[PDB]
Every structure is written in C-alpha cells, then in structure tokens.
Amino acid sequence: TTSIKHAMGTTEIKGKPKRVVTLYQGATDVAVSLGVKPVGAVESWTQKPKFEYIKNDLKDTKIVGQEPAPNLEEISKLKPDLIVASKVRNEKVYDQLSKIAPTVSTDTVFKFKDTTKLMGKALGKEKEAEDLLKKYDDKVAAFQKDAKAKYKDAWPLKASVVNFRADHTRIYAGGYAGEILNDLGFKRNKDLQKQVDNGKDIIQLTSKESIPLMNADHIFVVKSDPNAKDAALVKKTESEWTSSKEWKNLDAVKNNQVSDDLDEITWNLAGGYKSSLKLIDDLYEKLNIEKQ
Ligand SMILES: N[C@@H](CNC(=O)C[C@@](O)(CC(=O)NCCNC(=O)CCC(=O)C(=O)O)C(=O)O)C(=O)O
Ligand SMILES: [Fe+3]
C-alpha cells in the first residue's frame, strides 16, 4: 500500500501496479521510459493511433480514445490498477476515473519531470525515475557548457518558440519546449518573460501586431494544429504571418537565425521523457553547436 498526494487529491495504491492506463501523451512516454507498457493509452495527436517513435513499445496497448475526452468505458474494460490523468484534461471526470482504479494526476501534460517523479512513485519505480532525471540533468549541464563555448559573451541567447496553427499563432514561452529551453539556459525578451512571470505558459496570439512579443536572438518555428480539419491552413497562417513587416523586423529573422520545419512530435506533442533528450539533440544540430 502506497499513499500519493497529487494534483487532484490523495490516492491509495494497493500493490505494485502492473496494468496502467495513461491519459496524456507524456504519461504514455514516461510509462514506457520506466519499463512499464501501458495496457491502455490515449491516441496520439498525429500519426494516429500511436506515434511512430513509440508504437513498437505499445504493441497490444489498447487505445482508450482522444486526449481531450477519453472513453471511460474502454478504460474500465481494461481492468487497470493505475490510471495516470491530468487536471487540465480530466479534472471533471477525476471522480469517475477513481471509481475505476486508483488515479493519480499532474496539473498539466507537459511538465515531464513532474510526470516522471509522480509515475516513479505510483509505479514503485522511484530509482528508475531518479536515473532518468539524472540523465536529463546531465544532458542539460553538457548543453549549457557547449552553448557557452560556442556563443561566449553572447550566451545566454534569447529564444522563442513560435507555433503556427490553423487560425492563430502561439508562443510556447513555457509549455513543453519553452520549459526545456529555460532549463538549457536560454532567456526570453523582457515582455515575454513578464507573461511567464504572470503565470502564462502558452500565449495565443490573434493579431500580427503582437509579433514583436516573439522577439529573440533565435526563433524555433513549429507548424502544428492536430485537430484542424484542413492541414493546409497551418501553412496559410505561416505564410501570412512570416510575410508581415513585423516578422521581418524580428532580430532572429534579420539575422537569419530561424529554425524552420521542426518536428512537432519532438517539440510539443509527445510531451514526455524521450522527446526531451531528442529536443536537446535537435538543438545541437539546428544551432550547429559542437558537442565538444
Ligand atoms: N490544442 C488541442 C490539440 N492538442 C495539441 O495541440 C497539443 C497541446 O494540447 C499540448 C499541450 O501541452 N497543451 C497544454 C495543456 N495545458 C493547458 O493549459 C491547456 C492548453 C491546451 O491544450 C490548449 O489550449 O490547446 C497543445 O495545445 O499544445 C487540444 O488541446 O485539444
Ligand atoms: Fe491543446
């Protein structure tokens, strides 16, 4: 018996759970990373039903529905002994989830270190979770060293992560990639940092007049809108926004310091442990930083 304090209250787990259902992408990733193949998982946001990078670790994992509204009947049918939920997706059905199986919840879906710690405790894989996080911390420390070596007096760089969607544009100031960049020592322009300090993670922008909020020494562009009915609309948004005088006046744009066509799965959708290491690898490549 283990008692866990989490985002939605306290949960008693009897035993070492062996049948876990993961209700957000990162939880699925973390379960696999901890050596526990979920019996059930929400479908992937793209490459449905299972992201290519992980699907061979999810063979026989049953799909329990879409992350915004998983199918409680399908979860029930799996006879899970642990459900991993989030307040952001599942707050309103948390009691219903708890009637099926002990359910633990993080606040959101993208804080993969919190997911890893919580799931480590819930699964009796605390030592495994610690080793995963040590590996990430090591990679972060090495990146900071290599970045300082390349950029010298210009380190730290300011970064922004700009996401073109079908009908608006976002800045992932925090969120999955924004928090990782923060770990890596990248900073934000003062106005963007003020948004973060005010508790904003993901900023939705509706006007090209807001483009200056994106200003940075380097800009990472992600084309992603999983639930758009028309994939072409993301490209239309990118075309319109990147064609504006505002975009052309950004520091990174002027200096040819924009990384375009980044993999949305690595940069946002997967949400998990494995992608964190991959994102850091991407940065060595896109920034031409010697792993020295
Ligand atoms: N967007 C759509 C489709 N999903 C995505 O594209 C991925 C993601 O949901 C991942 C994420 O990390 N969301 C942040 C969760 N925390 C919140 O505060 C709610 C924000 C939220 O999910 C939203 O406002 O869209 C994303 O939006 O990046 C949705 O959600 O069905
Ligand atoms: Fe979303």
# chains A, B, ... in the order shown; residues from 1 in each chain; ligands from 1

call {"tool": "residues_around", "arguments": {"residues": "stretch 96-99 of chain A", "least_positions_apart": "3", "cutoff": "12 Å", "atoms": "only C-alpha atoms", "output": "ChimeraX atom specification"}}
result
/A:8-13,21-23,69-76,79-87,90-93,102-105

call {"tool": "closest_atom_pairs", "arguments": {"of": "chain A", "to": "ligand 1", "cutoff": "8 Å", "atoms": "only C-alpha atoms and all ligand atoms", "output": "CSV"}}
result
residue,atom,partner,partner_atom_place_in_ligand_line,distance
A:45,CA,ligand 1,4 (N),6.5
A:67,CA,ligand 1,31 (O),7.1
A:68,CA,ligand 1,31 (O),5.4
A:88,CA,ligand 1,16 (N),5.7
A:89,CA,ligand 1,15 (C),7.7
A:108,CA,ligand 1,16 (N),5.4
A:109,CA,ligand 1,15 (C),5.6
A:110,CA,ligand 1,12 (O),5.2
A:175,CA,ligand 1,12 (O),5.8
A:176,CA,ligand 1,12 (O),6.1
A:201,CA,ligand 1,18 (O),7.5
A:202,CA,ligand 1,18 (O),7.3
A:224,CA,ligand 1,6 (O),6.7
A:225,CA,ligand 1,6 (O),5.4
A:226,CA,ligand 1,3 (C),5.4
A:227,CA,ligand 1,3 (C),5.7
A:268,CA,ligand 1,28 (O),6.3
A:269,CA,ligand 1,7 (C),5.4
A:271,CA,ligand 1,12 (O),6.8

call {"tool": "write_last_selection", "arguments": {"atoms": "N, CA and C atoms", "output": "compact mmCIF listing (two decimals), in the first residue's frame"}}
result
# COMPACT_ATOMS: atom_id res chain seq x y z
N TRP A 45 -1.65 12.49 -30.93
CA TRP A 45 -2.28 13.63 -31.55
C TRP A 45 -2.18 13.60 -33.08
N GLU A 67 -7.32 12.36 -26.24
CA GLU A 67 -6.87 13.01 -25.00
C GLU A 67 -7.84 14.05 -24.40
N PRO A 68 -8.53 14.85 -25.23
CA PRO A 68 -9.47 15.80 -24.61
C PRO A 68 -10.69 15.15 -23.94
N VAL A 88 -5.62 19.31 -16.23
CA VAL A 88 -6.03 20.03 -17.41
C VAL A 88 -7.01 19.25 -18.32
N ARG A 89 -6.77 17.96 -18.53
CA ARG A 89 -7.66 17.19 -19.39
C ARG A 89 -8.85 16.59 -18.64
N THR A 108 -0.62 19.48 -15.31
CA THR A 108 -0.74 19.57 -16.77
C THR A 108 0.00 18.44 -17.45
N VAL A 109 0.18 18.59 -18.76
CA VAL A 109 0.60 17.45 -19.57
C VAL A 109 2.05 17.54 -20.00
N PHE A 110 2.67 18.71 -19.81
CA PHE A 110 3.98 18.95 -20.46
C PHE A 110 5.16 19.01 -19.49
N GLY A 175 5.28 25.90 -21.41
CA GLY A 175 4.86 24.71 -22.12
C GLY A 175 6.03 23.75 -22.31
N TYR A 176 5.82 22.74 -23.15
CA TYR A 176 6.81 21.67 -23.25
C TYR A 176 8.19 22.20 -23.65
N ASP A 201 1.92 30.28 -19.78
CA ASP A 201 2.81 29.24 -20.32
C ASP A 201 2.75 29.31 -21.86
N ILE A 202 1.53 29.29 -22.40
CA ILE A 202 1.34 29.21 -23.84
C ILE A 202 0.50 30.41 -24.19
N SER A 224 1.93 23.18 -36.31
CA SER A 224 1.21 22.13 -35.59
C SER A 224 -0.19 22.59 -35.23
N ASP A 225 -1.18 21.81 -35.64
CA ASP A 225 -2.56 22.01 -35.19
C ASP A 225 -3.30 20.68 -35.41
N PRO A 226 -3.18 19.76 -34.44
CA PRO A 226 -3.57 18.37 -34.69
C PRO A 226 -5.02 18.21 -35.07
N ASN A 227 -5.88 18.99 -34.43
CA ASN A 227 -7.30 18.84 -34.68
C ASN A 227 -7.92 19.73 -35.77
N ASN A 268 6.61 19.36 -29.25
CA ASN A 268 5.45 19.63 -28.42
C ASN A 268 4.53 18.45 -28.14
N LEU A 269 4.25 17.64 -29.16
CA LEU A 269 3.12 16.69 -28.99
C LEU A 269 3.39 15.52 -28.08
N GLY A 271 5.37 15.20 -25.48
CA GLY A 271 5.18 15.71 -24.13
C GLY A 271 5.97 15.02 -23.05

call {"tool": "residues_around", "arguments": {"residues": "residue A:52", "least_positions_apart": "6", "cutoff": "10 Å", "atoms": "only C-alpha atoms", "output": "ChimeraX atom specification"}}
result
/A:44,46,265

call {"tool": "write_last_selection", "arguments": {"atoms": "N, CA, C and O atoms", "output": "PDB file, in the first residue's frame"}}
result
ATOM      1  N   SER A  44      -2.442   9.066 -30.033  1.00  0.00           N
ATOM      2  CA  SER A  44      -1.507  10.135 -30.334  1.00  0.00           C
ATOM      3  C   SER A  44      -2.205  11.281 -31.050  1.00  0.00           C
ATOM      4  O   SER A  44      -3.217  11.093 -31.735  1.00  0.00           O
ATOM      5  N   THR A  46      -1.062  13.080 -33.559  1.00  0.00           N
ATOM      6  CA  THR A  46      -0.866  12.879 -35.015  1.00  0.00           C
ATOM      7  C   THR A  46      -0.302  11.479 -35.165  1.00  0.00           C
ATOM      8  O   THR A  46      -0.046  10.807 -34.158  1.00  0.00           O
ATOM      9  N   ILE A 265       6.285  16.542 -33.131  1.00  0.00           N
ATOM     10  CA  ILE A 265       6.176  15.476 -32.117  1.00  0.00           C
ATOM     11  C   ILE A 265       7.240  15.662 -31.043  1.00  0.00           C
ATOM     12  O   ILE A 265       6.935  15.671 -29.852  1.00  0.00           O
TER      13      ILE A 265
END

call {"tool": "atom_distance", "arguments": {"atom1": "atom CA of residue A:290", "atom2": "atom CA of residue A:150"}}
result
7.6 Å

call {"tool": "select_by_dssp", "arguments": {"residues": "stretch 14-244 of chain A", "states": "alpha helix (DSSP H)", "output": "PyMOL selection string"}}
result
chain A and resi 25-33+72-77+87-90+94-100+112-123+126-151+175-183+190-197+232-242

call {"tool": "closest_residue", "arguments": {"among": "A:288, A:25, A:189, A:249", "to": "ligand 2", "atoms": "only C-alpha atoms and all ligand atoms"}}
result
A:25

call {"tool": "residues_around", "arguments": {"residues": "stretch 34-36 of chain A", "least_positions_apart": "6", "cutoff": "9 Å", "atoms": "only C-alpha atoms", "output": "list in words"}}
result
residues 18, 19, 20, 116, 119, 120, 123, 125, 128, 129 and 132 of chain A

call {"tool": "write_last_selection", "arguments": {"atoms": "N, CA, C and O atoms", "output": "PDB file, in the first residue's frame"}}
result
ATOM      1  N   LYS A  18       0.486  -3.101 -12.229  1.00  0.00           N
ATOM      2  CA  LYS A  18       1.031  -3.731 -13.438  1.00  0.00           C
ATOM      3  C   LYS A  18       0.197  -3.448 -14.686  1.00  0.00           C
ATOM      4  O   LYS A  18       0.619  -3.752 -15.808  1.00  0.00           O
ATOM      5  N   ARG A  19      -0.994  -2.887 -14.497  1.00  0.00           N
ATOM      6  CA  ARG A  19      -1.886  -2.574 -15.603  1.00  0.00           C
ATOM      7  C   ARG A  19      -2.216  -1.085 -15.557  1.00  0.00           C
ATOM      8  O   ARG A  19      -3.187  -0.684 -14.911  1.00  0.00           O
ATOM      9  N   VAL A  20      -1.394  -0.266 -16.205  1.00  0.00           N
ATOM     10  CA  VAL A  20      -1.556   1.186 -16.124  1.00  0.00           C
ATOM     11  C   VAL A  20      -2.159   1.755 -17.407  1.00  0.00           C
ATOM     12  O   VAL A  20      -1.835   1.297 -18.511  1.00  0.00           O
ATOM     13  N   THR A 116       7.370  12.219 -14.475  1.00  0.00           N
ATOM     14  CA  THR A 116       8.342  11.152 -14.203  1.00  0.00           C
ATOM     15  C   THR A 116       8.437  10.854 -12.711  1.00  0.00           C
ATOM     16  O   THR A 116       8.400   9.692 -12.305  1.00  0.00           O
ATOM     17  N   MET A 119       4.974   9.302 -11.551  1.00  0.00           N
ATOM     18  CA  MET A 119       4.801   7.940 -12.027  1.00  0.00           C
ATOM     19  C   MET A 119       5.820   7.004 -11.408  1.00  0.00           C
ATOM     20  O   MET A 119       5.495   5.836 -11.148  1.00  0.00           O
ATOM     21  N   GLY A 120       7.011   7.527 -11.120  1.00  0.00           N
ATOM     22  CA  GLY A 120       8.030   6.762 -10.397  1.00  0.00           C
ATOM     23  C   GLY A 120       7.465   6.270  -9.064  1.00  0.00           C
ATOM     24  O   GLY A 120       7.577   5.077  -8.722  1.00  0.00           O
ATOM     25  N   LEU A 123       4.319   3.800  -9.522  1.00  0.00           N
ATOM     26  CA  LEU A 123       4.662   2.502 -10.128  1.00  0.00           C
ATOM     27  C   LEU A 123       5.664   1.670  -9.328  1.00  0.00           C
ATOM     28  O   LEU A 123       5.965   0.527  -9.722  1.00  0.00           O
ATOM     29  N   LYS A 125       8.767   2.650  -9.126  1.00  0.00           N
ATOM     30  CA  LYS A 125       9.946   2.757  -9.980  1.00  0.00           C
ATOM     31  C   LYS A 125      10.719   4.046  -9.658  1.00  0.00           C
ATOM     32  O   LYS A 125      11.225   4.732 -10.563  1.00  0.00           O
ATOM     33  N   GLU A 128      14.367   4.109 -10.844  1.00  0.00           N
ATOM     34  CA  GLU A 128      14.378   4.264 -12.307  1.00  0.00           C
ATOM     35  C   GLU A 128      14.100   5.724 -12.703  1.00  0.00           C
ATOM     36  O   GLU A 128      14.787   6.281 -13.550  1.00  0.00           O
ATOM     37  N   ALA A 129      13.110   6.327 -12.047  1.00  0.00           N
ATOM     38  CA  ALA A 129      12.731   7.726 -12.312  1.00  0.00           C
ATOM     39  C   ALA A 129      13.873   8.688 -11.999  1.00  0.00           C
ATOM     40  O   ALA A 129      14.189   9.604 -12.783  1.00  0.00           O
ATOM     41  N   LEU A 132      16.516   8.348 -14.756  1.00  0.00           N
ATOM     42  CA  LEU A 132      16.070   9.078 -15.942  1.00  0.00           C
ATOM     43  C   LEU A 132      16.333  10.596 -15.808  1.00  0.00           C
ATOM     44  O   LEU A 132      16.917  11.215 -16.690  1.00  0.00           O
TER      45      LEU A 132
END

call {"tool": "residues_around", "arguments": {"residues": "residue A:274", "least_positions_apart": "5", "cutoff": "8 Å", "atoms": "only C-alpha atoms", "output": "list in words"}}
result
residues 29, 30 and 33 of chain A

call {"tool": "closest_residue", "arguments": {"among": "A:152, A:165, A:5, A:218", "to": "ligand 2", "atoms": "only C-alpha atoms and all ligand atoms"}}
result
A:165

call {"tool": "residues_around", "arguments": {"residues": "residue A:217", "least_positions_apart": "6", "cutoff": "9 Å", "atoms": "only C-alpha atoms", "output": "number ranges by chain"}}
result
A: 157-160, 250-253, 255, 257-258

call {"tool": "closest_residue", "arguments": {"among": "A:181, A:243, A:192, A:259", "to": "residue A:219", "atoms": "only C-alpha atoms"}}
result
A:259

call {"tool": "closest_residue", "arguments": {"among": "A:220, A:114, A:100, A:43", "to": "residue A:177", "atoms": "only C-alpha atoms"}}
result
A:220

call {"tool": "select_by_dssp", "arguments": {"residues": "stretch 61-286 of chain A", "states": "strand (DSSP E or B)", "output": "mmCIF file with N, CA and C atoms, in the first residue's frame"}}
result
data_model
loop_
_atom_site.group_PDB
_atom_site.id
_atom_site.type_symbol
_atom_site.label_atom_id
_atom_site.label_comp_id
_atom_site.auth_asym_id
_atom_site.auth_seq_id
_atom_site.Cartn_x
_atom_site.Cartn_y
_atom_site.Cartn_z
ATOM 1 N N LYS A 62 -4.150 -0.892 -25.728
ATOM 2 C CA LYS A 62 -5.438 -0.558 -26.264
ATOM 3 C C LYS A 62 -5.606 0.960 -26.248
ATOM 4 N N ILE A 63 -6.210 1.484 -27.298
ATOM 5 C CA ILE A 63 -6.472 2.930 -27.373
ATOM 6 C C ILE A 63 -7.775 3.215 -26.646
ATOM 7 N N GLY A 65 -9.231 6.296 -26.492
ATOM 8 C CA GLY A 65 -9.909 7.476 -27.017
ATOM 9 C C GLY A 65 -8.991 8.682 -27.138
ATOM 10 N N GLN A 66 -9.594 9.847 -27.330
ATOM 11 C CA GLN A 66 -8.864 11.089 -27.607
ATOM 12 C C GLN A 66 -8.524 11.803 -26.304
ATOM 13 N N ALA A 69 -10.987 13.895 -24.259
ATOM 14 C CA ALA A 69 -12.185 13.221 -23.707
ATOM 15 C C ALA A 69 -12.110 11.723 -23.866
ATOM 16 N N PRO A 70 -11.293 11.078 -23.029
ATOM 17 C CA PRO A 70 -11.112 9.626 -23.144
ATOM 18 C C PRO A 70 -12.389 8.857 -22.799
ATOM 19 N N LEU A 82 -3.940 1.208 -12.201
ATOM 20 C CA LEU A 82 -3.485 2.589 -12.049
ATOM 21 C C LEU A 82 -3.871 3.384 -13.287
ATOM 22 N N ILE A 83 -4.455 4.558 -13.069
ATOM 23 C CA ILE A 83 -4.737 5.493 -14.162
ATOM 24 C C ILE A 83 -3.908 6.742 -13.923
ATOM 25 N N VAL A 84 -3.221 7.229 -14.965
ATOM 26 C CA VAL A 84 -2.466 8.480 -14.834
ATOM 27 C C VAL A 84 -3.210 9.557 -15.649
ATOM 28 N N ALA A 85 -3.661 10.594 -14.946
ATOM 29 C CA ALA A 85 -4.545 11.614 -15.503
ATOM 30 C C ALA A 85 -3.867 12.962 -15.316
ATOM 31 N N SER A 86 -4.501 14.002 -15.847
ATOM 32 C CA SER A 86 -4.062 15.388 -15.623
ATOM 33 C C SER A 86 -5.274 16.231 -15.225
ATOM 34 N N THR A 103 -6.280 6.559 -9.221
ATOM 35 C CA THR A 103 -5.961 7.505 -10.280
ATOM 36 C C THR A 103 -5.070 8.592 -9.680
ATOM 37 N N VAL A 104 -3.936 8.836 -10.327
ATOM 38 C CA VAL A 104 -3.046 9.924 -9.896
ATOM 39 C C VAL A 104 -2.985 10.955 -11.012
ATOM 40 N N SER A 105 -2.796 12.228 -10.652
ATOM 41 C CA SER A 105 -2.925 13.337 -11.630
ATOM 42 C C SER A 105 -1.847 14.414 -11.449
ATOM 43 N N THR A 106 -1.185 14.819 -12.539
ATOM 44 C CA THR A 106 -0.341 16.016 -12.518
ATOM 45 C C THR A 106 -1.228 17.189 -12.890
ATOM 46 N N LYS A 158 18.562 34.830 -26.141
ATOM 47 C CA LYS A 158 17.103 34.796 -26.019
ATOM 48 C C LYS A 158 16.494 33.918 -27.122
ATOM 49 N N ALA A 159 15.493 33.127 -26.733
ATOM 50 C CA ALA A 159 14.826 32.204 -27.667
ATOM 51 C C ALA A 159 13.323 32.433 -27.593
ATOM 52 N N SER A 160 12.637 32.156 -28.696
ATOM 53 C CA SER A 160 11.161 31.981 -28.620
ATOM 54 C C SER A 160 10.794 30.788 -29.477
ATOM 55 N N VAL A 161 9.692 30.143 -29.108
ATOM 56 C CA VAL A 161 9.156 29.002 -29.835
ATOM 57 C C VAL A 161 7.795 29.457 -30.359
ATOM 58 N N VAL A 162 7.712 29.613 -31.673
ATOM 59 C CA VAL A 162 6.511 30.168 -32.331
ATOM 60 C C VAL A 162 5.829 29.024 -33.050
ATOM 61 N N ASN A 163 4.533 28.880 -32.787
ATOM 62 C CA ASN A 163 3.732 27.773 -33.358
ATOM 63 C C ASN A 163 2.628 28.343 -34.214
ATOM 64 N N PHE A 164 2.713 28.079 -35.522
ATOM 65 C CA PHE A 164 1.631 28.494 -36.408
ATOM 66 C C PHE A 164 0.528 27.436 -36.384
ATOM 67 N N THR A 169 -1.740 32.031 -33.894
ATOM 68 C CA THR A 169 -0.354 31.698 -33.698
ATOM 69 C C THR A 169 -0.109 31.651 -32.191
ATOM 70 N N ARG A 170 0.750 30.752 -31.744
ATOM 71 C CA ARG A 170 1.089 30.675 -30.318
ATOM 72 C C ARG A 170 2.565 30.921 -30.043
ATOM 73 N N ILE A 171 2.876 31.391 -28.840
ATOM 74 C CA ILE A 171 4.281 31.328 -28.386
ATOM 75 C C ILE A 171 4.308 30.369 -27.219
ATOM 76 N N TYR A 172 5.143 29.322 -27.304
ATOM 77 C CA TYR A 172 5.304 28.376 -26.199
ATOM 78 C C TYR A 172 6.434 28.929 -25.342
ATOM 79 N N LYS A 187 17.150 32.506 -22.496
ATOM 80 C CA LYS A 187 16.315 33.513 -21.824
ATOM 81 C C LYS A 187 15.246 34.034 -22.772
ATOM 82 N N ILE A 202 1.531 29.287 -22.397
ATOM 83 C CA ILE A 202 1.341 29.206 -23.842
ATOM 84 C C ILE A 202 0.497 30.405 -24.192
ATOM 85 N N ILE A 203 1.044 31.300 -25.006
ATOM 86 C CA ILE A 203 0.378 32.548 -25.358
ATOM 87 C C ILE A 203 -0.298 32.429 -26.707
ATOM 88 N N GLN A 204 -1.619 32.631 -26.744
ATOM 89 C CA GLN A 204 -2.319 32.593 -28.016
ATOM 90 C C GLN A 204 -2.335 33.999 -28.539
ATOM 91 N N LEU A 205 -1.937 34.171 -29.793
ATOM 92 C CA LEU A 205 -1.976 35.475 -30.433
ATOM 93 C C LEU A 205 -2.899 35.480 -31.619
ATOM 94 N N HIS A 218 17.214 33.807 -31.427
ATOM 95 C CA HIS A 218 16.899 32.667 -32.288
ATOM 96 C C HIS A 218 15.435 32.267 -32.086
ATOM 97 N N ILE A 219 14.769 31.919 -33.184
ATOM 98 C CA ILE A 219 13.345 31.567 -33.136
ATOM 99 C C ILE A 219 13.162 30.174 -33.698
ATOM 100 N N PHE A 220 12.399 29.354 -32.977
ATOM 101 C CA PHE A 220 12.148 27.979 -33.357
ATOM 102 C C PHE A 220 10.719 27.915 -33.810
ATOM 103 N N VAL A 221 10.504 27.530 -35.066
ATOM 104 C CA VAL A 221 9.144 27.531 -35.620
ATOM 105 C C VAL A 221 8.549 26.121 -35.701
ATOM 106 N N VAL A 222 7.357 25.941 -35.133
ATOM 107 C CA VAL A 222 6.654 24.638 -35.143
ATOM 108 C C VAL A 222 5.322 24.799 -35.848
ATOM 109 N N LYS A 223 5.098 24.019 -36.910
ATOM 110 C CA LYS A 223 3.809 24.044 -37.614
ATOM 111 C C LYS A 223 3.015 22.883 -37.023
ATOM 112 N N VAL A 258 16.527 31.531 -37.723
ATOM 113 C CA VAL A 258 15.204 30.923 -37.540
ATOM 114 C C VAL A 258 15.377 29.455 -37.892
ATOM 115 N N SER A 259 14.951 28.568 -36.985
ATOM 116 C CA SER A 259 14.883 27.132 -37.307
ATOM 117 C C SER A 259 13.472 26.769 -37.684
#

call {"tool": "atom_distance", "arguments": {"atom1": "atom CA of residue A:284", "atom2": "atom CA of residue A:134"}}
result
19.8 Å
